[PDB]
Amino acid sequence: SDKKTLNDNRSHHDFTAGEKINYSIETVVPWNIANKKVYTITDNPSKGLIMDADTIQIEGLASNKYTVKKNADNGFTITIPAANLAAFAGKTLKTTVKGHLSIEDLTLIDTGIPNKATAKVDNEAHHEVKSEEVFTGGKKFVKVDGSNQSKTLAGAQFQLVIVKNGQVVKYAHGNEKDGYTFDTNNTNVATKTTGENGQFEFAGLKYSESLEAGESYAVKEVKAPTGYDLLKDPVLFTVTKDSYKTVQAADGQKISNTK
């Protein structure tokens, strides 16, 4: 029968925006394919997931035997002449392809995002199949006065970094839409600025348990609110399942500032 599988040998299917995700699609080819005209596979990713059609491979079928079209929903359509599938009659076609997350709607954070696909023979669709869901997480924060925590502070700027053994080891670049990358380079760093309610956030991040050994996410203050001391140390934080979506922004992790 048909199937779509997430190839991710973890118990948790969390990814950072931009990271590559491997999938496999299996689609039955009918016994009488030689009497048909066309076989198509249409990949319909759920919102948040972008497929990379340039990564498609079909097992036992050379790339010169089918065509691929990229579609507006960020999926694709593979079109295979039926004549090119005679050897596969009664067998299952195996397609592999990658995607990545790109979040343009923050309500998608901490929601399960499946890949979906549907095979069709001439005008007649098999049942749509879905993969396991992937997830991306996030964290919300509030900049406050340490001596009056109802006083939220505007104008703080915080960078997203990774710390290990109490040192900054990586700087983030990018965002939840364009994707994040992490490296040692301290320019064009992912940064947010607080408004009057002190809120800022970083979304599109895999869970903390998925980091490398010893690593933590942290936010590093690089500009203080007027009249307040710059923080000496990065502020560590933890991302888990639902740590973004189930926290209203005003309830985000408080960071105290001193006048």
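The first residue of the shown sequence is 1; numbering continues from there.
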Practice prompt. Can you let me know which of the two, 223-231 or 196-204, has the higher average C-alpha B-factor in the entry?
Written response: 223-231
Discussion item. If you take the mean CA temperature factor per stretch, which one wins between 249-257 and 4-12?
Written reply: 4-12
Discussion item. Quiz for you: based on the deposited Cα B-factor, which of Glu124, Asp105, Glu176, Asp110 is highest?
Written reply: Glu124
Response to the item:
For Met51, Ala213, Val68, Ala218, the deposited C-alpha B-factor is largest at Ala213
Item to complete: Would you mind checking where the Cα B-factor of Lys116 ranks among the modelled residues of its chain, as the lowest, middle or highest third?
Response: middle
Worksheet item: So where's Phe182 on the chain's Cα temperature factor ranking, which third?
Response: highest
Discussion item. Ranking the modelled residues of this chain by C-alpha B-factor as given in the entry, is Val38 in the lowest, middle or highest third?
Written reply: middle
Worksheet item: In terms of the CA temperature factor given in the entry, to which third of its chain does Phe88 belong: lowest, middle or highest?
Response: highest
Worksheet item: According to the PDB entry, is the CA B factor of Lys140 in the bottom, middle or top third of its chain, that is, lowest, middle or highest?
Response: lowest
